[PDB]
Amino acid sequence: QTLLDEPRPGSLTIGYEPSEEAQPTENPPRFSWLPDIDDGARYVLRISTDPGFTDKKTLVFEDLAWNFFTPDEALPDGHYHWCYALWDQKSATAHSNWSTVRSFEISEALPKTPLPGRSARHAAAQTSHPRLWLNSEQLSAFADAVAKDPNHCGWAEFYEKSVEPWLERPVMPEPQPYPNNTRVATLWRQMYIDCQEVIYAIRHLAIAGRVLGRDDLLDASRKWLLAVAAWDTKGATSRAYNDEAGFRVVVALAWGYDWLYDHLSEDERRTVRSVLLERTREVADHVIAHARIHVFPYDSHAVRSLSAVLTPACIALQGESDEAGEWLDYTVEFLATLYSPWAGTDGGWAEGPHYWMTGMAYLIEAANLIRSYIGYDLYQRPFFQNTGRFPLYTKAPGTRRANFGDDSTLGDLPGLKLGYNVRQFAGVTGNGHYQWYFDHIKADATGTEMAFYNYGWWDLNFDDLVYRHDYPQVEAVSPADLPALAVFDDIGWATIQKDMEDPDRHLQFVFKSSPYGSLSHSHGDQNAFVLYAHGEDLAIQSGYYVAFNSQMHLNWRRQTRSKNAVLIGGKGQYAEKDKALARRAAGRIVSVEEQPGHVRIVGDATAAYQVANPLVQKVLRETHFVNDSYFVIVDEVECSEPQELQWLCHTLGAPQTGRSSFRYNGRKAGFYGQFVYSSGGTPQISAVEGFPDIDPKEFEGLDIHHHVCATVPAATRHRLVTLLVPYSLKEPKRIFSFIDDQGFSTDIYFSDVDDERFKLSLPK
């Protein structure tokens, strides 16, 4: 008997799930285990209520191709055990010892989301073409419906905006290598934009041809398709040379092959298929063998190619490639089982809302294609049921700098695709708040549709056509009744929204203390907050995108010093390049409490500071949202040796400072901050301009931002209480405070101008 190797998990691998440390969130559970030493191993999985795994009480899933699995049926409520072994295909038996036994509970509260097995999915997949978006029955019904009314699903708008332009256009010439195979940003981008247009032309002409019964459009589509099929698979548009170009060529070939299938001669089909298979194999070998996302599921670049590239290519190829059958199974099973380690059960996305936009964009495409083709609906999984609200609470219309993480749009209004993604989730859930969000994001942002960051990535007219055909339209509902508080526990984000519909009263507050640390597109921003109030960005996410790996990115935006957060002993949270340490440099939401007039959120960022400073023993931050009007921030820090405390807050313009306060006024709103209590000593307050130690060429011609720094003398214990009062410039506000520090606790009494009161009581 072979001895099964059961490797230790790492910071960037899958874990062994389900278990008592990781109870299932769905029924049936999503199973994963680290693979044996032999990468060409097959597995057998056993599930039983009997931890002895007696034959009659046990479910057995034999001959599994991969180290992850979702069963095709929900389990009865109860207590279960599971193990796995290596499986010998020929003799039909386990050829290794059984793994560690792990346990889990199934209750009725768990959403029931089974994955139809390989046989059922293969049987559900029709043999005819087309397959992508519409089957032949649907295509027929849609053609009849467009014959009776050219405005059916907005077809007339789609034809005009997304088909018509390609009728005049000469077939895109094959992209050329760079001067001396040395990549330049302009040429790299133009190249993948060129390949994106090849998707649009081939796909939209073919669709128009089939919908309108027009052979001439089919002929025009075919012309682009054969030209692209003739491009050098080892040339400039290969995955190896420019993967962005390579990805797009595969998608173009897939839509053309699928929708022109019957229009192409058998020989033309052979030409296209051969090149489609060859290019698809390049992508599949990268996702499966190199990126190895079934072991390393955080690789979003590889997950994107699985979703956006593999899905359409493999669907187009079904029945005419055994390889493609296997790659489609992997794709479907991966999205059903392992997608995604960035996703929280409450709908949060650990990388932040900008990366939610791009990530969801390509997940949505895969899910829509798969639902149509085999009738399996990924959106039924609870993450997708919940995730529409993440951008609703972190990227509300009008907010520019009021969230966290890498954001290529930082400083601008929320991107169009955020609304479009959320509309998809409106369709799924029937939620009218999601529709409202779509309407308002679109209104604020349209006119940027043809800009390279949208046009080079998705045709929104096609998104519309597909959405209107596939989903019932949801009526927008005012966010006036939207819950003020949304907690995303798994990722450690807490958000408050007030008066979202009102441009003069709208508040967006977000607090972050994440178990994900500074990993990947997250920063050293645990126990940090951002604040948009009275319709303006006040306490901001600072700096500019510039580029990944710029000084602005690495030395400002990743670092705690750019955040509305504390520094201890002159040091921030670990935010360098070591991925394991980045993940270790973590926070967590300790508690959230809510009653009328008082929201209390507690964050613990101890590990986050400890990684870079072993002197640190405890780092807690409380944020109080008081009487729907102002904030009280409580910073509690313990160290083994005297360390000073710095309290930072960032703004678009220069703050003015005082003896125990600072103030910033923007265009229509403003806020003041006051240090009402500091056990470690009276804070010294400074206003700082710009981005220290950052190359000014990186932000040339752009306005500098500012921050206030309040420094408390070195102490082993800090308790700092900061009152933050936002206001409309039309009605500036003042909050009064009294400290009662006698007793076993420090009591702070707050009152407004109408003697409305709040009492903070902090045990000593």
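Start at 1 and count along the sequence shown; that's the residue number.
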Quiz item: Can you tell me which stretch has the higher mean Cα B-factor, 392-400 or 233-241?
Solution: 233-241
Exercise. Take the C-alpha B-factors listed in the entry for 680-688 and for 365-373, compute each mean, and give the stretch with the larger one.
Key: 680-688
Practice problem: Identify, among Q541, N431, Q126, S629, the residue whose C-alpha carries the highest B-factor in the deposited PDB entry. | Solution: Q126
Quiz item: Highest Cα B-factor in the deposition, which of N97, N564, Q380, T409?
Solution: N97
Quiz prompt | Record-listed C-alpha B factor of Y574: chain third | solution = middle
Quiz item: Relative to the other modelled residues in the chain, which third contains the C-alpha temperature factor of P130: lowest, middle or highest?
Solution: middle
Quiz item: How does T186 rank on Cα B-factor within its chain, lowest, middle or highest third?
Solution: highest
Quiz item: Within this chain, which third does the Cα B-factor at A92 fall in: lowest, middle or highest?
Solution: highest
Quiz item: By its CA B factor, does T13 count among the lowest, middle or highest third of the modelled residues in the chain?
Solution: lowest
